[PDB]
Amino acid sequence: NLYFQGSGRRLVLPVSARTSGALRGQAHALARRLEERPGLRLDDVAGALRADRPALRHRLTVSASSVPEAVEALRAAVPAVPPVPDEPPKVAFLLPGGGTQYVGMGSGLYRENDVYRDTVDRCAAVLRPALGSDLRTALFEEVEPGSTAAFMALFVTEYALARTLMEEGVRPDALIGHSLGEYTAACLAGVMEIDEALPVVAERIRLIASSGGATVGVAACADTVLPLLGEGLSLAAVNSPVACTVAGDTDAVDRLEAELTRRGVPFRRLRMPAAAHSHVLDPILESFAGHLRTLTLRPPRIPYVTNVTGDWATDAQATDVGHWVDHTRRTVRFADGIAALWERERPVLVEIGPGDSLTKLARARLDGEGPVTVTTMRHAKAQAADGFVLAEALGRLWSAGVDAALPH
């Protein structure tokens, strides 16, 4: 059953106080009021909490589908974000690359949220010629791991999730993508049109996937890893002080893993037998440029940092075919890019996509500047409903000072 059900009963209850402090206090008060009043409907308490109390500096929220569920959450409630700053905070979207896609992702939002449903539906129809199948099959029923559809499923999930949040009035002041997430960022930023981008991203993935090679993620500083490379190897990404990835010919990768083992450096072979962001891709760069030439590229209407330089993208870069070729061939400078994003805006960091991979990289790179981070979709494995994870994200965004995030 993926028939539309609409919104369910799940609501977000906001609580604000003036002290760290009184916040805990009122959250218990509200719980005591709720169990001691069987007249009260979640319905009305949610409304009253918005209209009949000011939005103060110290905030928390709970999510609930019924009053006993809310009572228990309000008991356990502990403030999770710092008090709202005096100016409303900036919001950044972090768009993951491949590696956390799974069959079933967002199926709860597809059944509950009509913007999410329409965006997926629209992307599936656009993509049917390039893909050769209905994307919703890969999204919700079955997919070949590492296939073109599996990667397009992640792209559309990211885009549908971003549009859903913006429909709530959470619009990003800045964007950063990792690898494939940079295309999602470009579409959200106005650099590309999602309709033209869908088939081009699809053919991009085929051209990369069929170039062979291998990719190893290494849990170490890039400075530690650099001396061990290596003919036949490229530094594929620099992600955080304890994360980088190396790609190249399979034999060169095998050797690197042997020398990494001998020095006690932890690593993991990535599933995908591809070698994105490495010399292995040279034979297909010009053909891929041919596909890039069919896009209408425009300067970004929302600023974003590119992985190419680890800095804000210039209008000349965003609109240059050769820069996008570089984005595919060159190191993903995410750790730098996340520092550039932080220095300017100091924004709330909202991961748009399944899991928390960029959130962990941000925490490692931005230690100990204290970023507030928000996560938006569960790991494959997690037992929470998609609608709950999203209601929590929005409550948390409101608690941090993004007032428009609170629904209704």
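Residues carry their position along the shown sequence, with the first being 1.
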Worksheet item: Averaging C-alpha B-factors over each stretch, which comes out higher, 153-161 or 275-283?
Response: 275-283
Worksheet item: Per the entry, where is the mean C-alpha temperature factor higher: 80-88 or 284-292?
Response: 80-88
Worksheet item: Out of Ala214, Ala222, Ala202, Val103, which residue has the highest Cα temperature factor in the PDB record?
Response: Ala222
Worksheet item: So among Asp336, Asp173, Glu231, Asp326, who wins on Cα B-factor in the entry?
Response: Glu231
Fill in: Chain thirds of CA B-factor: placement of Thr373
middle
Practice prompt. Rank-wise, by C-alpha B-factor, drop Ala385 into the lowest, middle or highest third of its chain.
Written response: lowest
Worksheet item: With respect to C-alpha B-factor, does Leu188 fall in the lowest, middle or highest third of the chain as deposited?
Response: middle
Item to complete: Going by the recorded CA B-factors, say which third of the chain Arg37 sits in, lowest, middle or highest.
Response: highest
Worksheet item: What third of its chain's C-alpha B-factors does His379 belong to: lowest, middle or highest?
Response: middle
